[PDB]
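What follows is a single structure, written as structure tokens, with notes after it.
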Number of protein chains: 4
Amino acid sequence: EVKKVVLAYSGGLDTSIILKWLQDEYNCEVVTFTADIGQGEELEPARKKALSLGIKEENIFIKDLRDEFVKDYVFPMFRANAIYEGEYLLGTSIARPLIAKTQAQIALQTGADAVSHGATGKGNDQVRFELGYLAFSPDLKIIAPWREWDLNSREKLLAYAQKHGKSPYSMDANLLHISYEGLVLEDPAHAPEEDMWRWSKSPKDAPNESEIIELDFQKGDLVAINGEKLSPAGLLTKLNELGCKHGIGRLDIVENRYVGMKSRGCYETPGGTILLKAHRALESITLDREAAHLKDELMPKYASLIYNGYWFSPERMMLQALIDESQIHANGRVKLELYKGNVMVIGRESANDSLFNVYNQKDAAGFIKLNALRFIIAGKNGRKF
Amino acid sequence: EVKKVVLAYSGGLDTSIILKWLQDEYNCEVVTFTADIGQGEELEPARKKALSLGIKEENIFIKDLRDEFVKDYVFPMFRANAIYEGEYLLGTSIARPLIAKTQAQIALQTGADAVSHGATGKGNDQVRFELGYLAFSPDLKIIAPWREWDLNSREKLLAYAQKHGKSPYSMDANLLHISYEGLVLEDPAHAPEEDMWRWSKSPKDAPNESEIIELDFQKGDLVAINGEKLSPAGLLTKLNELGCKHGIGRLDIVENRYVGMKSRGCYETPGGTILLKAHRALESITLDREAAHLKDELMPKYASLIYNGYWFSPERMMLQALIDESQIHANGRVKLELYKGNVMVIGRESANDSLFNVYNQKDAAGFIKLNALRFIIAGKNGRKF
Amino acid sequence: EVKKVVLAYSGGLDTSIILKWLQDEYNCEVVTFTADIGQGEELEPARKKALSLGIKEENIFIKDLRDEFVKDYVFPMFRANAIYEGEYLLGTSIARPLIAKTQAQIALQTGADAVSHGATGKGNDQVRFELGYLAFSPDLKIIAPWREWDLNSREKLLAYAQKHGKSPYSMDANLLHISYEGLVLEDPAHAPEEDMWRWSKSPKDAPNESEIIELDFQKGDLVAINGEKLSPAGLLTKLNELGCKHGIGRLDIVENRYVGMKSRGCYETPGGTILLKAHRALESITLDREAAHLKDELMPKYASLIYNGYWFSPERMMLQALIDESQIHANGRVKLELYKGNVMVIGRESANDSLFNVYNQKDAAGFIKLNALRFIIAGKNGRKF
Amino acid sequence: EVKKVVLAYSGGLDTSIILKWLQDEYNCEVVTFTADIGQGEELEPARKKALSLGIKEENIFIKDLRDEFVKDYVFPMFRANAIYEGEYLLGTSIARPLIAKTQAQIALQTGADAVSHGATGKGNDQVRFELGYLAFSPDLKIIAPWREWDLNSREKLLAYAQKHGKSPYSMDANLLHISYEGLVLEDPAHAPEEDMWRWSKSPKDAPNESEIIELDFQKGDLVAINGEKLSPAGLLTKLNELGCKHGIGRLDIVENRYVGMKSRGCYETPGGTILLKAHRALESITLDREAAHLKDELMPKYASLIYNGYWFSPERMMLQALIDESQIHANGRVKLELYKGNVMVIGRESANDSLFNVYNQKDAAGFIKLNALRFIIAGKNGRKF
């Protein structure tokens, strides 16, 4: 039995169908939650769609989470130079836990005993949402209609819609990336069609004039661009526009999913692609060698945690504590030249934290002698190469 | 006391000075060893310079090691997607052990009791050479004149040269990369001058027409390019020309050295930059997820081993065994589009080894339920987020 | 639809009930498979029980797998010094894949289209079995009656038995260990009762006279005990008797399960506890430092793979290749004194492979100087501790 | 040139010789520093020896660091279950940085421009001291007379002593352990003689009556023993006496040194051996699985850092932050039975933090199905085992 559900609501047809199914099947009050995380969608019409579908005004939640997304999710991940399978900048994965947590809290606030979502019943996304929910409200009933209902025909789905009264690609968009799947992308041996890419110019259409930019960092996080101190969303947005302008950040991979097998997708990560390059350059003059190398060793594990939906887990908090500690002296400035898909570092400096700033050749002799000991012992023991 | 030394000889002024110092100070027979590993230098004049300096013909060793470099050093490293500090493709580091081993073997073959080299007395390179020597011949006397002699003035160096009778950058070149240090590069806050780059076109001078290429892989190694089966050096050379043509592979970093602190260098890795991208794409459809992820986790450690000069070590052999085992089914074809600095994957396929090739939503429900158990137990124990 | 099933059959009441349920519900021919892996049970009566229950003679499979268990499963794992959560020697986990693989092969051999087992529907064991099955025969239908049937009462279970015609602890026994769960052990705050331990003397009842033993190793594996070369099962059995005699190998832990939460169990691993100590001692004089340390770093991951049921996986094969490569020169002899629960190393030696077998104080000065560089650079940059 | 040195002074003959050599060779004022860290030596006579040797009263520093040793060095390390090469509890390694840091601070306080120590010129200990010094005072001149002086004869050492006016084993003792090297221990194939062990009873001489103890933990650290809340030194001392009484904590290994090769040593770690066992038991009911497993994976790296002398390093601080974060909910009580060398866990409980505290068999089916997907995809692709 269930009395009141918080639904992740986009205003789209499928979650509108879900909204009606909740009211009828579980016979409950539905609460809607719509979040701005850089989708580039007007929030208002969702309220109106929700109203026309029977939601009470007070049960309609519209929240702008752009700044918080970049501040408490995006920047913290980039401290690690997190990249999944050497290519993927985790744009979908990093955004999920922000949504699930916020939804869980609205549930708590409204007294709602259940939450719900329109994620696929066989994709990564259902896992990401539910792990998040249970981190913040482990007593919540979880309703995944895609997994529950008998509505598994298109015809039996259209019929239901009737009874209860853009780009052709399957897309996920936020301040960090735009994702594309479906259509020709289904064949990983087939190239994408050019008109699919909606956000960034191609490097071919990007300007013939390169552009220099300067990025200021404080404790590993971006704080200014060309001397301009913006809000976190402000900063990532600016980098996006720069990346888009110059055709930066496109990616074509098949990736291993947490749930199911391999999947082919394309991604536009204009700002984040620039962020990663700059952040490495920052660390290169400001981080102790072994501190940087230790974080490199632990990065893939961290990237998989994020990918798989384990942002809100003890593991990840442990890894974050390590990561953050590495970032204390990561203060400085990086200079980059952008040109048709290229992010070239051309300068890095730091006002108080550069380690780029006696020992002699006899000292180096002794360092070599002691590292070579095991090789001499081994050689004498028959283990010559 | 020393009777006979094998010297790494380039024909340059400094190693010519070293050659004379060996003959006089240690009072010995010098053996010269010059190797082609893609430097783009004629080998012959080194023999002639060596002759004019008093080396016996039979003590002059000129060897072409290009194929072996790519086959037994370069390709094996790329199986790991090895990259140092997220940027450096290890062009200098990977080449060193091939030279040190070959030098050690000429020493053994000729009956030479010592080896020698012109590497700096305070750089990474001396370590790389000596670790290698002692892997193959741990009884060898090692003579590092840069560390030993009293010739530490330029004036006292010119005087010695007299008594015993191009690009301004400090460069290291081989089939994998060209390295640049010195001059304006000394200031990491200063951009490089455009005329420094000797190998690759800039992306600005690269053609306005993109180029498609197809790369065939067998067990993780490149075997063909556009259907053409070349020798290993042949293959890497072809990729180099493609990379150079399209302005691919440039890099500007400060890196942490094994010996000493941080150093600013620029690198041209045209072929290798393309290789890495393609190799990831190959693995993306042919490697089991956990096998790929495990290798990712161990990559930085492997990269540091290579960088620091530990190619010929038990560690690295252990890591290689793991790496190679991951590569057994890494057979297939990758398609890429090159354009002004960009290496875009546009297709990947495999004839017999693609894992891209039942479970339902109820199955996914149970997978979620069991992963979420610890979160529910934790939540009940007060550990809600 | 299913025609013929291979059942893991012990002759016990529950798998006898399962055998009858298979014949009736799936309406098929049942094949029985009983394996000796050190349970200390006579195999014969299982054949007779199977006959009385309607199994054809030719569908009764009785196999002795003791030698193979130790040779291809136990010894390979011990090369890694595998221990789960710093205590558990994986006795149950390591035995499972041998059973699942053998069962899968009998299935293939007999033309059987399904396999089945009596493992709990909510324990670790079902996972271990099924991962194994699908490694060897991925087309096999898997029938887990504990998960499938409507027989979830004890009364409805007794009724079924009727219609189709020792220690009180829940135990798992093999050549490596005996496991105990249930009864008083359910409370982790409660001590076990003394009469539970069936295999080993307590240290209190163990003799007042210590015993010296000598263990010979070849490539990391035990090959002889006190000069006696035995079969692999022979060797582990001998160590068991020695361990039992002296009250060695008892353990009391709660452990984290793969499936479900935490569980309290007791374990007797007499031979394996001695094996681990000796194997470390062997490595201490025969393994290169970094090779040993690298294997230590990767051990927990390897232990979890084994625990969770991923013996037959690409990951584990990769890790094994690394592990085995570390073992090449692991030849030698270890001497230990056993006394009332204690395994004390008192000697280790090696005939051709000991690295226990010049450098001076000035050399050490230079080694220190170069390692301390980063600390001096940091100190000058304000980062003093 | 050097004016004033802080010397690590024990009052022994060798550091008394060093004290006189400093005054004469560097022609400086010597400051003495003697620390109590559990050596079981009276501190007073060191002051008197120092006075008779010409040290000013105000330049004699006698400090009790027992509580701080356990609190800020020993307990923090045990949070990680740190053990080196699977055996060594790091008693020497963990104590060093406390001494080096304190010495560096006395140097700073007194205005001393140099520090000095009597550590061997070819052992691990010189490295540990100097890394520590430079963490706290990177400008300090470091004087290692063992590496510097021409006093490398015993006869030329006795002559110097004259001119300027117990157990036979080489031992290191502190609150955590006693170390033994030298004499018969030199041959790793030779057993130690029984009269060498000075701290703990042998298990043979240990009482025939077992003893139960209860250990309370708070955030991963010991806080009480049998209900008794003691100071940190107080706690470790109590555990030592318990361990010694029952013959617990003896160890015989060859270990790999940081500097030089392999070395054979014996160790008595009575309290620490008990601490480790109890701390694992605590974690077993209070730590999330993945948090515990992640810390296990990173333990050897952490142990090597400690061993090699890198306690005061960015790496170690990063690892500590991770380790400490794992310990937040590590509150509870462990019960153990001690008997003749054995540390048996017999109970563990926690008042508010135990995770030992719904899902069904159908849920487990779906968890299995999704983990087995890659095996089925692989099997269909020819990769059957």
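Basis: the model, the stated rules and, where named, an outside source; these are not laboratory values. For neighbour counting, all protein chains shown are included, and Cβ atoms are generated from backbone atoms with ideal geometry for every residue, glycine included.
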In the range D:287-318, residue nearest to the chain's Cα centre (by Cα) [restricted to those that are among the aliphatic types (A, V, I, L, M), more than 7 Å from every other protein chain (Cβ to nearest Cβ) and in a helix (DSSP H, G or I)]: D:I306
Which is in contact with a helix residue (DSSP H, G or I) (Cβ under 9 Å, 6 or more places away or on another chain), assigned to a helix (DSSP H, G or I), surrounded by fewer than 19 Cβ atoms within 10 Å (Cβ to Cβ) and not assigned by CATH to the domain that holds B:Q218, of B:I376, B:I368? B:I376
Only one residue in B:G11, B:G40 is in contact with a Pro (Cβ under 7 Å, 6 or more places away or on another chain), small (G, A, S) and in a loop (DSSP other than H, G, I, E, B). Which one? B:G11
Taking into account only those residues within the range A:145-180 that are under 23 Å from the mean Cα position of the chain (by Cα) and aliphatic (A, V, I, L, M), which is nearest to A:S313 (Cα to Cα)? A:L176
Out of the range D:266-286, which residues are within 9 Å of chain C (Cβ to nearest Cβ) and charged (D, E, K, R)? D:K277, D:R280, D:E283
For B:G91, only one of the following conditions fails: (1) in contact with a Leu (Cβ under 6 Å, 6 or more places away or on another chain); (2) within 13 Å of chain A (Cβ to nearest Cβ). What is its number? (2)
Only one residue in B:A303, B:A281 is closer than 30 Å to A:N360 by Cβ, hydrophobic (A, V, I, L, M, F, W, C) and surrounded by 21 or more Cβ atoms within 10 Å (Cβ to Cβ), so which one is that? B:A303
Select, from B:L90, B:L140, the only residue that is closer than 15 Å to B:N308 by Cα and touching a helix residue (DSSP H, G or I) at 6+ places or on another chain (Cβ under 9 Å). B:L90
By residue number, the members of the range A:108-124 that are buried (at least 24 other Cβ atoms within 10 Å of the Cβ) and outside any strand (DSSP E or B) are A:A112, A:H117
I'd like to know if the range C:187-202 contains one or more residues that are touching an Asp or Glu at 6+ places or on another chain (Cβ under 6 Å), crowded, with 18+ Cβ neighbours inside 10 Å and not in a loop (DSSP other than H, G, I, E, B). no
Quick one: is B:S263 polar (S, T, N, Q), more than 17 Å from A:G341 (Cβ to Cβ) and within 14 Å of chain A (Cβ to nearest Cβ)? yes
Candidate set from the range C:141-155 (those that are more than 9 Å from every other protein chain (Cβ to nearest Cβ) and closer than 14 Å to C:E25 by Cα); member that is surrounded by the fewest Cβ atoms within 10 Å (Cβ to Cβ): C:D150
Of the residues in the range B:346-364, how many are crowded, with 22+ Cβ neighbours inside 10 Å and among the aliphatic types (A, V, I, L, M)? 2
Could you look through the range B:320-340, keep only residues that are crowded, with 24+ Cβ neighbours inside 10 Å and in a helix (DSSP H, G or I), and pick out the one that is farthest from the other protein chains (Cβ to nearest Cβ)? B:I323
May I ask you to list the residues in the range B:210-222 that are part of a strand (DSSP E or B) and either over 17 Å from B:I285 (Cβ atoms) or outside the structural domain of B:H329 (by CATH) (or both)? B:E211, B:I212, B:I213
If I filter the range B:169-186 down to residues being in a loop (DSSP other than H, G, I, E, B) and among the aliphatic types (A, V, I, L, M), which single residue comes out as surrounded by the fewest Cβ atoms within 10 Å (Cβ to Cβ)? B:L175
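Rundown of residues vs (1) over 18 Å from the mean Cα position of the chain (by Cα); (2) within 23 Å of C:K201 (Cβ to Cβ); (3) assigned by CATH to the domain that holds C:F69; (4) in a strand (DSSP E or B), yes/no style:
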{"site": "C:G234", "(1), (2), (3), (4)": "no, yes, yes, no"}
{"site": "C:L242", "(1), (2), (3), (4)": "yes, yes, yes, no"}
{"site": "C:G247", "(1), (2), (3), (4)": "yes, yes, yes, no"}
{"site": "C:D252", "(1), (2), (3), (4)": "no, yes, yes, yes"}
{"site": "C:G271", "(1), (2), (3), (4)": "no, yes, yes, no"}
{"site": "C:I274", "(1), (2), (3), (4)": "no, yes, yes, no"}
{"site": "C:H279", "(1), (2), (3), (4)": "no, no, yes, no"}
Could you list, ordered by first residue, the pairs with Cβ atoms under 6 Å in which the first is in the range C:74-90 and in the same structural domain as C:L175 (by CATH) and the second is assigned to a loop (DSSP other than H, G, I, E, B) and among the hydroxyl-bearing types (S, T, Y), at least 6 apart or interchain? C:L89/C:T269
Name the single residue that is surrounded by the most Cβ atoms within 10 Å (Cβ to Cβ) among those in the range B:125-140 being in a loop (DSSP other than H, G, I, E, B), at the interface with another protein chain (Cβ under 9 Å from one of its Cβ atoms) and under 26 Å from the mean Cα position of the chain (by Cα). B:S137
Name, by its number, the condition in (1) within 26 Å of C:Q126 (Cβ to Cβ); (2) hydrophobic (A, V, I, L, M, F, W, C); (3) outside any loop (DSSP other than H, G, I, E, B); (4) more than 8 Å from chain D (Cβ to nearest Cβ) that does not hold for B:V345. (1)
Criterion violated by B:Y267 - all others in (1) in a helix (DSSP H, G or I); (2) out of contact with any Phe, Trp or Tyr (no Cβ under 6 Å at 6 or more places or on another chain) satisfied: (1)
